[PDB]
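Source file: upload-v5.json (JSON, C-alpha atoms)
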[["chain", "number", "residue", "atom", "x", "y", "z"],
["X", 1717, "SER", "CA", -5.32, 41.02, -15.94],
["X", 1718, "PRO", "CA", -6.77, 44.16, -14.26],
["X", 1719, "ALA", "CA", -10.28, 42.71, -13.94],
["X", 1720, "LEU", "CA", -8.88, 39.57, -12.29],
["X", 1721, "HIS", "CA", -6.66, 41.69, -10.04],
["X", 1722, "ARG", "CA", -9.63, 43.83, -8.97],
["X", 1723, "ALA", "CA", -11.73, 40.73, -8.28],
["X", 1724, "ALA", "CA", -8.92, 39.20, -6.20],
["X", 1725, "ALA", "CA", -8.46, 42.44, -4.26],
["X", 1726, "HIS", "CA", -12.20, 42.66, -3.57],
["X", 1727, "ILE", "CA", -12.28, 39.03, -2.41],
["X", 1728, "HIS", "CA", -9.25, 39.54, -0.15],
["X", 1729, "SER", "CA", -10.62, 42.82, 1.23],
["X", 1730, "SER", "CA", -14.00, 41.22, 2.08],
["X", 1731, "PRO", "CA", -13.33, 38.25, 4.39],
["X", 1732, "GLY", "CA", -16.34, 36.30, 5.59],
["X", 1733, "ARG", "CA", -18.69, 37.88, 3.04],
["X", 1734, "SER", "CA", -21.42, 35.68, 1.58],
["X", 1735, "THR", "CA", -20.49, 36.84, -1.94],
["X", 1736, "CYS", "CA", -16.67, 36.53, -1.84],
["X", 1737, "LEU", "CA", -14.70, 33.52, -0.59],
["X", 1738, "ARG", "CA", -10.92, 33.26, -0.23],
["X", 1739, "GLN", "CA", -9.13, 30.00, 0.58],
["X", 1740, "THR", "CA", -5.42, 29.34, 1.13],
["X", 1741, "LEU", "CA", -3.98, 25.89, 0.42],
["X", 1742, "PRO", "CA", -0.35, 25.11, 1.33],
["X", 1743, "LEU", "CA", 1.93, 23.10, -0.95],
["X", 1744, "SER", "CA", 3.78, 20.53, 1.17],
["X", 1745, "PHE", "CA", 6.93, 20.47, -0.96],
["X", 1746, "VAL", "CA", 9.19, 17.71, 0.35],
["X", 1747, "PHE", "CA", 12.00, 18.60, -2.07],
["X", 1748, "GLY", "CA", 11.41, 22.34, -1.73],
["X", 1749, "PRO", "CA", 9.45, 24.84, -3.82],
["X", 1750, "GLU", "CA", 12.09, 25.18, -6.55],
["X", 1751, "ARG", "CA", 11.24, 21.79, -8.07],
["X", 1752, "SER", "CA", 7.65, 21.54, -6.79],
["X", 1753, "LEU", "CA", 6.45, 24.84, -8.28],
["X", 1754, "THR", "CA", 6.97, 23.81, -11.91],
["X", 1755, "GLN", "CA", 5.32, 20.43, -11.31],
["X", 1756, "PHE", "CA", 2.34, 22.06, -9.59],
["X", 1757, "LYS", "CA", 1.97, 24.60, -12.41],
["X", 1758, "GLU", "CA", 2.11, 21.84, -15.04],
["X", 1759, "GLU", "CA", -0.45, 19.75, -13.14],
["X", 1760, "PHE", "CA", -2.77, 22.74, -12.78],
["X", 1761, "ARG", "CA", -2.45, 23.49, -16.50],
["X", 1762, "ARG", "CA", -3.22, 19.84, -17.29],
["X", 1763, "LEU", "CA", -5.90, 19.70, -14.58],
["X", 1764, "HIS", "CA", -9.44, 19.24, -15.91],
["X", 1765, "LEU", "CA", -12.53, 20.84, -14.38],
["X", 1766, "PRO", "CA", -16.10, 19.50, -14.76],
["X", 1767, "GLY", "CA", -17.85, 21.91, -17.10],
["X", 1768, "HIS", "CA", -15.13, 24.54, -16.72],
["X", 1769, "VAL", "CA", -11.84, 25.36, -18.43],
["X", 1770, "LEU", "CA", -8.91, 27.03, -16.68],
["X", 1771, "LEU", "CA", -7.15, 29.80, -18.62],
["X", 1772, "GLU", "CA", -3.83, 31.09, -17.28],
["X", 1773, "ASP", "CA", -3.14, 34.80, -17.76],
["X", 1774, "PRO", "CA", 0.52, 35.32, -18.74],
["X", 1775, "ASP", "CA", 0.67, 38.91, -17.50],
["X", 1776, "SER", "CA", -0.63, 38.16, -13.99],
["X", 1777, "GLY", "CA", 0.02, 34.42, -13.60],
["X", 1778, "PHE", "CA", -3.42, 33.80, -12.06],
["X", 1779, "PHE", "CA", -5.73, 31.19, -13.57],
["X", 1780, "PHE", "CA", -9.41, 31.96, -14.14],
["X", 1781, "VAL", "CA", -12.23, 29.44, -14.48],
["X", 1782, "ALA", "CA", -14.52, 29.86, -17.49],
["X", 1783, "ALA", "CA", -17.36, 27.83, -18.96],
["X", 1784, "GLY", "CA", -16.31, 25.34, -21.62],
["X", 1913, "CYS", "CA", -17.34, 32.41, -22.00],
["X", 1914, "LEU", "CA", -17.27, 33.64, -18.42],
["X", 1915, "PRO", "CA", -19.89, 32.01, -16.15],
["X", 1916, "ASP", "CA", -22.20, 33.66, -13.61],
["X", 1917, "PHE", "CA", -19.43, 33.24, -11.01],
["X", 1918, "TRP", "CA", -15.73, 34.08, -11.15],
["X", 1919, "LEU", "CA", -13.16, 31.59, -9.82],
["X", 1920, "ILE", "CA", -9.53, 32.72, -9.59],
["X", 1921, "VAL", "CA", -6.59, 30.51, -8.58],
["X", 1922, "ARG", "CA", -3.25, 32.12, -7.70],
["X", 1923, "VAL", "CA", -0.07, 30.08, -7.24],
["X", 1924, "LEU", "CA", 2.46, 31.62, -4.85],
["X", 1925, "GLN", "CA", 5.94, 30.36, -3.95],
["X", 1926, "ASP", "CA", 4.59, 27.92, -1.35],
["X", 1927, "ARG", "CA", 0.81, 28.51, -1.20],
["X", 1928, "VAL", "CA", -2.25, 28.45, -3.46],
["X", 1929, "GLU", "CA", -5.03, 31.05, -3.18],
["X", 1930, "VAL", "CA", -8.49, 30.25, -4.56],
["X", 1931, "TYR", "CA", -10.91, 33.17, -4.91],
["X", 1932, "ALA", "CA", -14.60, 32.65, -5.70],
["X", 1933, "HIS", "CA", -16.98, 35.52, -6.47],
["X", 1934, "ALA", "CA", -20.72, 35.02, -6.93],
["X", 1935, "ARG", "CA", -24.03, 36.75, -6.29],
["X", 1936, "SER", "CA", -24.85, 34.34, -3.43],
["X", 1937, "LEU", "CA", -22.34, 31.63, -2.51],
["X", 1938, "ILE", "CA", -24.33, 30.50, 0.55],
["X", 1939, "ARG", "CA", -27.59, 29.50, -1.14],
["X", 1940, "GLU", "CA", -27.57, 26.05, -2.75],
["X", 1941, "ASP", "CA", -31.01, 26.01, -4.42],
["X", 1942, "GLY", "CA", -29.65, 25.07, -7.84],
["X", 1943, "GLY", "CA", -28.01, 28.45, -8.35],
["X", 1944, "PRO", "CA", -24.53, 29.62, -9.34],
["X", 1945, "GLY", "CA", -23.27, 29.78, -5.75],
["X", 1946, "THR", "CA", -23.57, 26.04, -5.18],
["X", 1947, "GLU", "CA", -21.87, 25.31, -8.50],
["X", 1948, "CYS", "CA", -19.07, 27.75, -7.66],
["X", 1949, "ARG", "CA", -18.59, 26.15, -4.23],
["X", 1950, "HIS", "CA", -18.48, 22.67, -5.76],
["X", 1951, "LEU", "CA", -15.97, 23.83, -8.38],
["X", 1952, "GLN", "CA", -13.79, 25.43, -5.70],
["X", 1953, "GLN", "CA", -13.87, 22.25, -3.60],
["X", 1954, "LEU", "CA", -12.98, 20.13, -6.64],
["X", 1955, "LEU", "CA", -10.11, 22.49, -7.51],
["X", 1956, "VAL", "CA", -8.79, 22.35, -3.94],
["X", 1957, "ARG", "CA", -8.95, 18.55, -3.95],
["X", 1958, "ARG", "CA", -7.19, 18.44, -7.33],
["X", 1959, "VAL", "CA", -4.47, 20.80, -6.11],
["X", 1960, "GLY", "CA", -3.90, 18.70, -3.00],
["X", 1961, "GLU", "CA", -3.77, 15.50, -5.05],
["X", 1962, "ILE", "CA", -1.34, 17.15, -7.48],
["X", 1963, "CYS", "CA", 0.93, 18.24, -4.62],
["X", 1964, "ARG", "CA", 0.86, 14.73, -3.13],
["X", 1965, "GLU", "CA", 1.60, 13.17, -6.52],
["X", 1966, "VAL", "CA", 4.48, 15.60, -7.11],
["X", 1967, "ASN", "CA", 5.96, 14.73, -3.71],
["X", 1968, "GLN", "CA", 5.59, 11.01, -4.42],
["X", 1969, "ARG", "CA", 7.20, 11.38, -7.85],
["X", 1970, "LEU", "CA", 10.11, 13.34, -6.36],
["X", 1971, "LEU", "CA", 10.59, 10.65, -3.70],
["X", 1972, "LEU", "CA", 10.48, 7.90, -6.34],
["X", 1973, "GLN", "CA", 13.00, 9.75, -8.51],
["X", 1974, "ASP", "CA", 15.32, 10.22, -5.52],
["X", 1975, "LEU", "CA", 15.01, 6.53, -4.65],
["X", 1976, "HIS", "CA", 15.75, 5.50, -8.24],
["X", 1977, "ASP", "CA", 18.77, 7.82, -8.44],
["X", 1978, "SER", "CA", 20.11, 6.76, -5.03],
["X", 1979, "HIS", "CA", 18.89, 3.13, -4.70],
["X", 1980, "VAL", "CA", 17.67, 4.03, -1.19],
["X", 1981, "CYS", "CA", 14.07, 3.97, 0.04],
["X", 1982, "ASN", "CA", 13.23, 7.12, 1.99],
["X", 1983, "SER", "CA", 11.14, 6.99, 5.15],
["X", 1984, "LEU", "CA", 8.53, 9.32, 3.63],
["X", 1985, "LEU", "CA", 8.31, 7.17, 0.49],
["X", 1986, "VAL", "CA", 7.91, 3.99, 2.56],
["X", 1987, "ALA", "CA", 7.96, 3.34, 6.30],
["X", 1988, "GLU", "CA", 10.90, 1.41, 7.73],
["X", 1989, "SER", "CA", 9.80, -2.00, 8.99],
["X", 1990, "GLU", "CA", 11.24, -3.91, 11.94],
["X", 1991, "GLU", "CA", 13.48, -6.00, 9.69],
["X", 1992, "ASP", "CA", 14.64, -2.89, 7.82],
["X", 1993, "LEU", "CA", 15.29, -1.06, 11.10],
["X", 1994, "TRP", "CA", 17.31, -4.03, 12.37],
["X", 1995, "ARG", "CA", 19.27, -4.15, 9.10],
["X", 1996, "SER", "CA", 19.67, -0.35, 8.93],
["X", 2023, "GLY", "CA", 15.97, 19.32, 2.69],
["X", 2024, "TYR", "CA", 13.77, 16.50, 3.99],
["X", 2025, "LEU", "CA", 13.85, 17.70, 7.61],
["X", 2026, "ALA", "CA", 10.73, 19.80, 7.02],
["X", 2027, "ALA", "CA", 9.06, 16.78, 5.40],
["X", 2028, "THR", "CA", 9.74, 14.78, 8.57],
["X", 2029, "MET", "CA", 8.49, 17.68, 10.71],
["X", 2030, "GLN", "CA", 5.53, 18.30, 8.39],
["X", 2031, "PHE", "CA", 2.50, 16.38, 7.08],
["X", 2032, "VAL", "CA", 2.59, 12.77, 8.29],
["X", 2033, "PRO", "CA", 5.26, 10.84, 6.34],
["X", 2034, "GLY", "CA", 5.59, 7.09, 6.09],
["X", 2035, "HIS", "CA", 1.83, 6.63, 6.36],
["X", 2036, "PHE", "CA", 1.43, 8.12, 2.86],
["X", 2037, "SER", "CA", 3.22, 5.20, 1.19],
["X", 2038, "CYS", "CA", 1.47, 3.87, -1.91],
["X", 2039, "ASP", "CA", -0.61, 0.74, -1.44],
["X", 2040, "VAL", "CA", 0.06, -2.51, -3.30],
["X", 2041, "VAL", "CA", -1.13, -1.73, -6.83],
["X", 2042, "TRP", "CA", -0.93, -5.38, -7.89],
["X", 2043, "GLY", "CA", -0.54, -8.68, -6.07],
["X", 2044, "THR", "CA", 0.28, -12.18, -7.31],
["X", 2045, "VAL", "CA", 1.03, -15.61, -5.85],
["X", 2046, "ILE", "CA", 3.53, -17.94, -7.54],
["X", 2047, "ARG", "CA", 3.56, -21.64, -6.66],
["X", 2048, "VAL", "CA", 6.93, -23.00, -5.53],
["X", 2049, "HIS", "CA", 8.11, -26.41, -6.71],
["X", 2050, "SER", "CA", 8.76, -29.22, -4.24],
["X", 2051, "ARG", "CA", 12.48, -29.30, -5.07],
["X", 2052, "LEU", "CA", 12.80, -25.53, -4.54],
["X", 2053, "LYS", "CA", 10.61, -25.51, -1.41],
["X", 2054, "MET", "CA", 13.70, -25.93, 0.80],
["X", 2055, "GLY", "CA", 16.82, -24.02, -0.19],
["X", 2056, "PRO", "CA", 20.45, -24.52, 0.83],
["X", 2057, "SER", "CA", 19.76, -22.52, 4.02],
["X", 2058, "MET", "CA", 17.15, -23.66, 6.53],
["X", 2059, "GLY", "CA", 14.13, -21.36, 6.45],
["X", 2060, "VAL", "CA", 15.19, -19.79, 3.13],
["X", 2061, "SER", "CA", 13.22, -21.07, 0.15],
["X", 2062, "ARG", "CA", 15.21, -21.77, -3.00],
["X", 2063, "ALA", "CA", 12.55, -19.84, -4.91],
["X", 2064, "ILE", "CA", 13.18, -16.86, -2.63],
["X", 2065, "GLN", "CA", 16.93, -17.11, -3.26],
["X", 2066, "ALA", "CA", 16.38, -17.32, -7.02],
["X", 2067, "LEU", "CA", 14.06, -14.30, -6.93],
["X", 2068, "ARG", "CA", 16.66, -12.37, -4.92],
["X", 2069, "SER", "CA", 19.39, -13.30, -7.40],
["X", 2070, "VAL", "CA", 17.18, -12.21, -10.31],
["X", 2071, "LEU", "CA", 16.09, -8.93, -8.68],
["X", 2072, "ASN", "CA", 19.50, -7.96, -7.24],
["X", 2073, "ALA", "CA", 19.77, -5.51, -10.16],
["X", 2074, "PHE", "CA", 17.09, -3.39, -8.45],
["X", 2075, "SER", "CA", 16.80, -4.83, -4.92],
["X", 2076, "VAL", "CA", 16.93, -2.46, -1.95],
["X", 2077, "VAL", "CA", 19.94, -2.99, 0.30],
["X", 2078, "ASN", "CA", 18.37, -1.35, 3.36],
["X", 2079, "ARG", "CA", 15.07, -3.27, 3.02],
["X", 2080, "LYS", "CA", 15.14, -7.07, 2.97],
["X", 2081, "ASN", "CA", 13.31, -8.74, 0.08],
["X", 2082, "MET", "CA", 12.37, -5.32, -1.32],
["X", 2083, "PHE", "CA", 13.16, -3.89, -4.75],
["X", 2084, "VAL", "CA", 12.50, -0.58, -6.50],
["X", 2085, "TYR", "CA", 11.59, -0.89, -10.18],
["X", 2086, "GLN", "CA", 10.99, 2.13, -12.42],
["X", 2087, "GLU", "CA", 8.77, 1.48, -15.44],
["X", 2088, "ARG", "CA", 10.25, 2.75, -18.69],
["X", 2089, "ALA", "CA", 6.95, 3.76, -20.31],
["X", 2090, "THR", "CA", 5.34, 5.45, -17.30],
["X", 2091, "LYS", "CA", 8.58, 6.64, -15.61],
["X", 2092, "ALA", "CA", 7.09, 5.45, -12.30],
["X", 2093, "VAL", "CA", 9.20, 3.77, -9.61],
["X", 2094, "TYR", "CA", 7.37, 1.05, -7.67],
["X", 2095, "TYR", "CA", 8.32, -0.94, -4.58],
["X", 2096, "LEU", "CA", 8.09, -4.73, -4.85],
["X", 2097, "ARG", "CA", 7.89, -6.89, -1.72],
["X", 2098, "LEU", "CA", 8.20, -10.68, -1.82],
["X", 2099, "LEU", "CA", 7.10, -13.02, 0.97],
["X", 2100, "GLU", "CA", 6.97, -16.79, 1.45],
["X", 2101, "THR", "CA", 3.47, -18.13, 2.12],
["X", 2102, "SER", "CA", 2.90, -21.65, 3.44],
["X", 2156, "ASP", "CA", 2.32, -25.50, 0.21],
["X", 2157, "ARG", "CA", 5.20, -23.02, 0.07],
["X", 2158, "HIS", "CA", 4.77, -20.22, -2.45],
["X", 2159, "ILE", "CA", 6.16, -16.80, -3.36],
["X", 2160, "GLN", "CA", 3.77, -13.88, -2.87],
["X", 2161, "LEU", "CA", 4.84, -10.61, -4.51],
["X", 2162, "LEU", "CA", 3.15, -7.27, -3.77],
["X", 2163, "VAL", "CA", 3.90, -4.32, -6.07],
["X", 2164, "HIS", "CA", 3.18, -0.88, -4.61],
["X", 2165, "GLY", "CA", 2.98, 2.20, -6.82],
["X", 2166, "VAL", "CA", 1.20, 5.52, -7.12],
["X", 2167, "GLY", "CA", -0.89, 4.27, -10.04],
["X", 2168, "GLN", "CA", -1.88, 0.95, -11.56],
["X", 2169, "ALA", "CA", 1.06, -1.21, -12.56],
["X", 2170, "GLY", "CA", 1.82, -1.31, -16.26],
["X", 2171, "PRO", "CA", 2.36, -4.34, -18.47],
["X", 2172, "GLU", "CA", 6.14, -4.22, -18.03],
["X", 2173, "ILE", "CA", 5.89, -5.24, -14.35],
["X", 2174, "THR", "CA", 2.61, -7.15, -14.53],
["X", 2175, "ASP", "CA", 3.73, -9.58, -17.25],
["X", 2176, "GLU", "CA", 7.43, -9.32, -18.16],
["X", 2177, "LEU", "CA", 8.68, -9.44, -14.56],
["X", 2178, "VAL", "CA", 6.42, -12.39, -13.73],
["X", 2179, "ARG", "CA", 7.62, -14.17, -16.88],
["X", 2180, "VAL", "CA", 11.26, -13.56, -15.93],
["X", 2181, "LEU", "CA", 10.69, -14.86, -12.39],
["X", 2182, "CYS", "CA", 8.90, -17.94, -13.73],
["X", 2183, "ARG", "CA", 11.73, -18.57, -16.19],
["X", 2184, "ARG", "CA", 14.31, -18.31, -13.40],
["X", 2185, "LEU", "CA", 12.32, -20.71, -11.21],
["X", 2186, "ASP", "CA", 11.95, -23.16, -14.10],
["X", 2187, "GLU", "CA", 15.69, -22.99, -14.81],
["X", 2188, "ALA", "CA", 16.47, -23.70, -11.15],
["X", 2189, "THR", "CA", 14.03, -26.63, -11.11],
["X", 2190, "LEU", "CA", 15.51, -28.05, -14.33],
["X", 2191, "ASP", "CA", 19.05, -27.76, -12.95],
["X", 2192, "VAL", "CA", 17.98, -29.50, -9.73],
["X", 2193, "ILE", "CA", 16.27, -32.28, -11.69],
["X", 2194, "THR", "CA", 19.35, -32.73, -13.87],
["X", 2195, "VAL", "CA", 21.56, -32.93, -10.77],
["X", 2196, "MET", "CA", 19.24, -35.53, -9.24],
["X", 2197, "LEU", "CA", 19.19, -37.59, -12.45],
["X", 2198, "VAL", "CA", 23.00, -37.42, -12.59],
["X", 2199, "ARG", "CA", 22.91, -39.52, -9.41],
["X", 2200, "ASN", "CA", 20.10, -41.63, -10.96],
["X", 2201, "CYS", "CA", 17.89, -40.62, -8.05],
["X", 2202, "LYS", "CA", 14.21, -41.53, -8.10],
["X", 2203, "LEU", "CA", 12.04, -38.81, -9.64],
["X", 2204, "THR", "CA", 8.86, -37.66, -7.94],
["X", 2205, "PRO", "CA", 5.63, -37.64, -9.99],
["X", 2206, "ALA", "CA", 5.61, -33.86, -9.61],
["X", 2207, "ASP", "CA", 9.21, -33.81, -10.85]]
Encoded form (structure tokens):
Amino acid sequence: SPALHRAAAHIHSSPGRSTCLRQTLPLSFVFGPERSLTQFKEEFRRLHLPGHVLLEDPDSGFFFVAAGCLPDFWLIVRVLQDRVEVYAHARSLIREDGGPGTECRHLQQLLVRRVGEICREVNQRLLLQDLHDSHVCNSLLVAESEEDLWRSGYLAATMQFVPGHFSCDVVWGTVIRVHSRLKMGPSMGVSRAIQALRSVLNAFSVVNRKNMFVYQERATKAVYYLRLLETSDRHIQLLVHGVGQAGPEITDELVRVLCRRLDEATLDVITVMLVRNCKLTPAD
């Protein structure tokens, strides 16, 4: 503890020096620091460094980077209430001729990137948990579209780092062929396949967003946003957006359930047609 404290004091008391570097990284906590601090600490503890291991001192609370024995350079990371301080000490941090300064700078940059990614992931997880617990899609979690707008402590998040544009991209995408009987539903312009999918997914569909559902995987505890669209040969195109790659619960089981519902609807329609002894199409 006292050696790390002295190194941090020397780094802070020598700004702009070629041997000591101090960097401050803010933690954009959408839900506040009370819940974000524990998540950030856990992520930092579970964070992995290339060729280095982070040891957290319990007396001081500041993590130190060591070779995985102390290396030729000292890297110290301090986690405050709402900011992260990274201190790097080396003989020459400016020279990059295969020395310890270049390695220390690369390690500091990697640690800063990992901390930023961890903060973003914590914010996304908090937003997903709030959406799952409230069945409402926040603007920061996903931007409100024109259809959603027509059918419609986060103030700092709105007046902070750009929200809405940080929504997770479509992790997986699939196209499901729609049968000829289900191509036209009971309402003009509404496919029967779309209606069946809505009826199936009403258990997790978003009220404020049309044809949108929020599904939380049981294994990964990750809430993902599913969007379904009709593509014309009418078909159902489903895009699943999540922080990480979609698991097998949504990739396979959900597709199987949707296919089973579509097949049941087609079989019921065919039975109704045969009840009237109507001519059956070769596709039917």
So that I can see what lies close to residue 1778 (chain X), please list as a PDB file with C-alpha atoms, in the frame of the given file the residues with an atom at most 8 Å from it, counting only C-alpha atoms and leaving out residues fewer than 2 positions away in the same chain.
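Final output, saved to out.pdb:
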ATOM      1  CA  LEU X1720      -8.880  39.570 -12.290  1.00  0.00           C
ATOM      2  CA  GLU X1772      -3.830  31.090 -17.280  1.00  0.00           C
ATOM      3  CA  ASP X1773      -3.140  34.800 -17.760  1.00  0.00           C
ATOM      4  CA  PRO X1774       0.520  35.320 -18.740  1.00  0.00           C
ATOM      5  CA  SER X1776      -0.630  38.160 -13.990  1.00  0.00           C
ATOM      6  CA  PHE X1780      -9.410  31.960 -14.140  1.00  0.00           C
ATOM      7  CA  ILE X1920      -9.530  32.720  -9.590  1.00  0.00           C
ATOM      8  CA  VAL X1921      -6.590  30.510  -8.580  1.00  0.00           C
ATOM      9  CA  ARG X1922      -3.250  32.120  -7.700  1.00  0.00           C
ATOM     10  CA  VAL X1923      -0.070  30.080  -7.240  1.00  0.00           C
TER      11      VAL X1923
END
X:1926, X:1940, X:1977, X:1965 ranked by distance to residue 1742 (chain X), top pick (using all atoms listed in the file):
X:1926
Distance query residue 2063 (chain X) at most 8 Å, only C-alpha atoms, self and fewer than 4 positions along chain excluded, as a list in words:
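The residues satisfying every condition are residues 2048, 2052, 2053, 2055, 2067, 2159 and 2185 of chain X.
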Counting only C-alpha atoms, which residue out of X:2056, X:1731, X:1749, X:1766 sits closest to residue 2192 (chain X)?
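Going through X:2056, X:1731, X:1749, X:1766 one by one, the smallest distance to residue 2192 (chain X) is for X:2056.
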Atom-to-atom span, CA of residue 2043 (chain X) and CA of residue 2163 (chain X), Å:
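If I compute the distance from CA of residue 2043 (chain X) to CA of residue 2163 (chain X), I get 6.2 Å.
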Quote the spacing between CA of residue 2025 (chain X) and CA of residue 1984 (chain X) in Å to one decimal place.
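Pair CA of residue 2025 (chain X) / CA of residue 1984 (chain X) returns 10.7 Å.
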For region 2190-2198 of chain X, what centre and edge lengths in Å (one decimal) does the axis-aligned box get once 3 Å is added on each side of all its listed atoms, as AutoDock Vina command-line options?
--center_x 19.3 --center_y -32.7 --center_z -11.8 --size_x 13.5 --size_y 15.8 --size_z 11.1
Between CA of residue 2099 (chain X) and CA of residue 2064 (chain X), what is the distance in Å, rounded to a tenth?
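Result for CA of residue 2099 (chain X) versus CA of residue 2064 (chain X): 8.0 Å, one decimal.
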Long-range neighbours of residue 2034 (chain X) as a PyMOL selection string, 9 Å cut-off, only C-alpha atoms, 3 positions minimum in chain
chain X and resi 1982-1988+2037
Given only C-alpha atoms as the counted atoms, nearest of X:2194, X:2028, X:2065, X:1953 to residue 1932 (chain X):
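Closest to residue 1932 (chain X), using only C-alpha atoms: X:1953.
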For residue 2082 (chain X), work out the shell of residues within 12 Å, counting all atoms listed in the file and skipping chain neighbours fewer than 2 positions away, then give it as a count of residues only.
33
Distance query 9 Å from (-28.5, 32.6, -15.4) using only C-alpha atoms, result as a ChimeraX atom specification:
/X:1915-1916,1943-1944
Write out as an mmCIF file with C-alpha atoms, in the frame of the given file each polymer residue whose atoms come within 12 Å of residue 2031 (chain X), counting all atoms listed in the file; drop sequence neighbours fewer than 3 positions from it.
data_model
loop_
_atom_site.group_PDB
_atom_site.id
_atom_site.type_symbol
_atom_site.label_atom_id
_atom_site.label_comp_id
_atom_site.auth_asym_id
_atom_site.auth_seq_id
_atom_site.Cartn_x
_atom_site.Cartn_y
_atom_site.Cartn_z
ATOM 1 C CA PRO X 1742 -0.350 25.110 1.330
ATOM 2 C CA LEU X 1743 1.930 23.100 -0.950
ATOM 3 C CA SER X 1744 3.780 20.530 1.170
ATOM 4 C CA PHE X 1745 6.930 20.470 -0.960
ATOM 5 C CA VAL X 1746 9.190 17.710 0.350
ATOM 6 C CA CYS X 1963 0.930 18.240 -4.620
ATOM 7 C CA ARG X 1964 0.860 14.730 -3.130
ATOM 8 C CA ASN X 1967 5.960 14.730 -3.710
ATOM 9 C CA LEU X 1984 8.530 9.320 3.630
ATOM 10 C CA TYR X 2024 13.770 16.500 3.990
ATOM 11 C CA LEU X 2025 13.850 17.700 7.610
ATOM 12 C CA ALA X 2026 10.730 19.800 7.020
ATOM 13 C CA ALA X 2027 9.060 16.780 5.400
ATOM 14 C CA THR X 2028 9.740 14.780 8.570
ATOM 15 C CA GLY X 2034 5.590 7.090 6.090
ATOM 16 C CA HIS X 2035 1.830 6.630 6.360
ATOM 17 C CA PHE X 2036 1.430 8.120 2.860
#
X:1740, X:1717, X:1978, X:1734: which is nearest residue 1777 (chain X), counting only C-alpha atoms?
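The answer is X:1717, which sits nearest to residue 1777 (chain X).
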So, with all atoms listed in the file as the atoms that count, which of X:2090, X:2100, X:1931, X:2050 lies closest to residue 2204 (chain X)?
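Smallest separation from residue 2204 (chain X) among the options: X:2050.
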With all atoms listed in the file as the atoms that count, which of X:1763, X:2169, X:2196, X:1769 lies nearest to residue 2041 (chain X)?
X:2169
